[PDB]
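**Student:** pasting the first chains of the complex, positions unchanged:
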Amino acid sequence: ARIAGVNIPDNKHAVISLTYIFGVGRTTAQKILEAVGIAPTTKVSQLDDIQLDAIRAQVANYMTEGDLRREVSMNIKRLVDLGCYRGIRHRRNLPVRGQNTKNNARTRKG
Amino acid sequence: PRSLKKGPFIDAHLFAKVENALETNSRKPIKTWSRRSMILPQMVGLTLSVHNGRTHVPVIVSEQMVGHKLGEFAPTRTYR
Amino acid sequence: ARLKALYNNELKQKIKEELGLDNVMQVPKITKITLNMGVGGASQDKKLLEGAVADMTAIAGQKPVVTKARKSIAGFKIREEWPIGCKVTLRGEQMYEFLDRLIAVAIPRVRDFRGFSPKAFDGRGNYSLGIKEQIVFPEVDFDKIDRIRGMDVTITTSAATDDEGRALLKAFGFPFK
């Protein structure tokens, strides 16, 4: 089945497949499936197309993956062009969250 | 960051300086030592001079700065 | 060929009225649609060409043709007369049908697409667009896909000027800029 512009593998449960979609998580998928008749146990292949359409409408209510990616990029760019200490941190590839970086500083550069 | 019920933290002397500057819309920098004070919508547009530890650096309060503390725009460590 | 039927009846007259052209014959039209898939990897491993031909044939609906490189570059390490790219040419009734299928399905499935830049036109009335991913078209099947490859589409219009070219596309409804 295709949700939100990308493909989800059909071999496992609906909630687990929704987890794969960017911007979608397991708890959010459970919340989505609770409202509508679809149950988390049922597989995507088993699940009917009309159910999938209602699911797409529920996902559409939530902010989509492209929109989320663009907002994150926009926020980082806003910090950079503001030039705040946080923007300087983003530009210089150093932890902006305040985490201690004396020795294990590896996981910012890549 | 700060409990919403307590409201923003805004130091009294910078508060007084900024209201006495708002009634004039003066452009001369407000030289201040308190970098812990909340930037409010009222002080959008004018210029402060925030202590960075060694000297004061000007900070022209832009629109996209409310929600940040004064010291965020005054780096303290200078690393090349 | 719903678009072919529609263009003669409706779109042509409204294009003429909108541009205030003196003569009906002046009104522009889409002469041809060309699809290009150049890949450097091909002709060295030699496995890329078969899949590229398969996907291009499936999407286009016509048999594509393999171009032969006319120049050799040391940096790209391409010798003379190697099959590095594949292209196809669509016109007329079949072009209008391909364009209808494209407008119908190809662009909407594209992920993270808001619109096409207005500067894409070269200034002579011709239009060029690039598709990031071939999977977007419905003809291809995601299950048995070896790899993802992007595509280039070119639209040729009689009008020599970009304003009339854009109006011709607008009458057809090509997604807003």
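**Tutor:** Okay, I see it. Numbers count the residues shown, from 1 in each chain, chains lettered A, B, ... in the order given.

**Student:** can you list the residues of chain C near chain A?
**Tutor:** Within chain C, the positions near chain A by CB under 8 Å from any CB of the partner chain are C:109-112, C:142. All C-beta spots, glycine's among them, are computed from the backbone N, C-alpha and C.

**Student:** with adjacent residues omitted, what lies nearest to the residue nearest the centre of chain A?
**Tutor:** With distances taken as CA atoms, centre = their mean, residue A:23 lies nearest the centre of chain A, 1.7 Å away. Leaving aside its sequence neighbours, residue A:23 sits nearest to residue A:65 (CB to CB, 6 or more residues apart in numbering or on different chains; 4.0 Å).

**Student:** next to chain A, which bits of chain B? Give me the list.
**Tutor:** Proximity of chain B to chain A, by CB under 8 Å from any CB, involves residues B:62, B:64-65, B:68, B:72-75.

**Student:** buried ones among those residues?
**Tutor:** Buried residues within those, counting neighbours by 16 or more other CB atoms under 10 Å in any protein chain shown: B:65, B:68, B:72-75.

**Student:** now the sequence for chain D, which goes on the structure above:
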Amino acid sequence: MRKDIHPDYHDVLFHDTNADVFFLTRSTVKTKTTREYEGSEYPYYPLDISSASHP
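**Tutor:** Once chain D is put in with the chains from before, the structure reads:
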């Protein structure tokens, strides 16, 4: 159009459930399930999204 050297090409009906729109066009894709259409019976491929519904 040279004979016999081209792909299989035939009539197809593309429908969007959300937009409730029917489109008729000839495509090489083949569909296991077909919907009856008053003009004639040709195969059915479902569409998740359609251009008209697309913002």
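
**Student:** thinking again about what came up before, who's in contact with the residue nearest to the centre of chain A?
**Tutor:** Residues in contact with residue A:23, defined by CB atoms under 8 Å, 6 or more residues apart in numbering or on different chains, are A:4, A:62-65, A:68.

**Student:** what distance do you get for residue C:63 to residue C:92?
**Tutor:** In this structure, residue C:63 and residue C:92 are 16 Å apart, going by CB to CB, to the nearest Å.

**Student:** centre-most residue in chain B?
**Tutor:** residue B:70 (4.1 Å).

**Student:** show me the contacts for that residue.
**Tutor:** Shown in contact with residue B:70 (CB under 8 Å, 6+ apart): B:14, B:32, B:34-39, B:48, B:50, B:59.

**Student:** mind running it again at 10 Å?
**Tutor:** The contact partners of residue B:70, taken as CB atoms under 10 Å, 6 or more residues apart in numbering or on different chains, are B:10-11, B:14, B:32, B:34-39, B:43, B:48, B:50-51, B:59, B:61.

**Student:** also put RNA strand E in, sequence below:
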RNA sequence: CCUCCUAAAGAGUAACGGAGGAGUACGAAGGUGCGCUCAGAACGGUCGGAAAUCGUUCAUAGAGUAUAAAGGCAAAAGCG
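**Tutor:** Okay, RNA strand E now, added to the rest:
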């Protein structure tokens, strides 16, 4: 042995004079019939750039002619 200059506007013309190649290759790279036109510059376009392939506008050859140079080459002698 071949090309250019020396060589003095027909040919020819020397120096231990100034400059470069040859001692091959092709059953197609020959014949015929048909068809085609290059190098570059700019603009647009996924990876893809200075430059790969695709589209457009100029472009008598600024290309190509198996090979050194001279001449010649559009009925192309160039390319299928």
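
**Student:** the contacts of residue A:23 again please, this time with RNA strand E.
**Tutor:** If you count contacts by CB under 10 Å, 6+ apart, then residue A:23 has A:4, A:59, A:62-69 around it.

**Student:** any idea how far it lies from chain D?
**Tutor:** Using CB to the nearest CB, to the nearest Å, residue A:23 is found at 17 Å from chain D.

**Student:** ok, the nearest residue to residue C:165 once chain neighbours are set aside to chain D distance?
**Tutor:** Nearest residue to residue C:165, sequence neighbours excluded (CB to CB, 6+ apart): residue C:125, at 3.9 Å. Distance check for residue C:125 against chain D: by CB to the nearest CB, it reads 24 Å.

**Student:** so residue C:125 is in which element?
**Tutor:** Counting by DSSP states H and E, no helix or strand carries residue C:125.

**Student:** which parts of chain D sit against chain A?
**Tutor:** Residues of chain D lying close to chain A (CB under 10 Å from any CB of the partner chain) are D:17-18, D:46-49.

**Student:** most surrounded residue in those?
**Tutor:** Within those, most neighbours by other CB atoms under 10 Å in any protein chain shown means residue D:47, with 21 neighbours.

**Student:** contacting residues for the nearest residue to that residue once chain neighbours are set aside?
**Tutor:** Excluding the flanking residues, the one nearest residue D:47 by CB to CB, 6+ apart is residue D:16, at 4.8 Å. The contact partners of residue D:16, by CB under 10 Å, 6+ apart, come to C:104-105, C:108, D:22-23, D:46-53.
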